[PDB]
Structure formats: C-alpha cells, structure tokens
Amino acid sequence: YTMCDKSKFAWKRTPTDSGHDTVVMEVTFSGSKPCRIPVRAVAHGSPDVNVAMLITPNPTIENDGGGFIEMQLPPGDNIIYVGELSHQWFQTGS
C-alpha cells in the first residue's frame, strides 16, 4: 500500500478513553483506497518525536472499512495527528 493522502482525513469518533487505559479513535478518509494511515502524536516541547505507542498495528484504510486507531500516550500535553488531521490530548497521570 501507499500512504494515505494526509489532507483527506476527518474525525468519525474523536480521541477518547477506551476504558482499558488506552486512547481510541476513528477516522474517515476521502482519498485513494486502500492506503496506509500516517498516525503519530507529539508532546509539547518535542515537535520531532512520535510519542504515540500504537496498539493497532499498521492501521490502514481499506475499501470496505478501516480507520479505527488505538494508542497509548505519555503523561502531559500531546497532540494526535492522523495525517494532518489533529486533536489535542492531555494525558493525566504518570
């Protein structure tokens, strides 16, 4: 697969607590399908390093589905990025 067009994502389910200590979300994609999703997260203070620990391996958009993403994030102020689609995620705890 090729990489999903970073400009063609929208939120279907915004990032939310999963009930088992993870962050789940769902996106819709409006480019060529199928494709591999570029998903990352960035901590305030370090714009270069992907801090998202993916539980869903190799997330993809298929023709008939895909777009569910599950991850864990470090404590503090983060931003989640699916392509260029973004959402803040402040992670409580330690």
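A residue's number is simply how far along the shown sequence it sits, counting from 1.
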> Which has the higher mean CA temperature factor in the PDB entry, 78 to 86 or 13 to 21?
Replying inline: 13 to 21
>> If you take the mean CA temperature factor per stretch, which one wins between 50 to 58 and 36 to 44?
In response: 50 to 58
> Ranked by Cα temperature factor within the chain, is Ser94 in the lowest third, the middle third or the highest third?
Replying inline: highest
>> Using the temperature factors of the C-alpha atoms in this entry, rank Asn63 within its chain: lowest, middle or highest third.
In response: highest
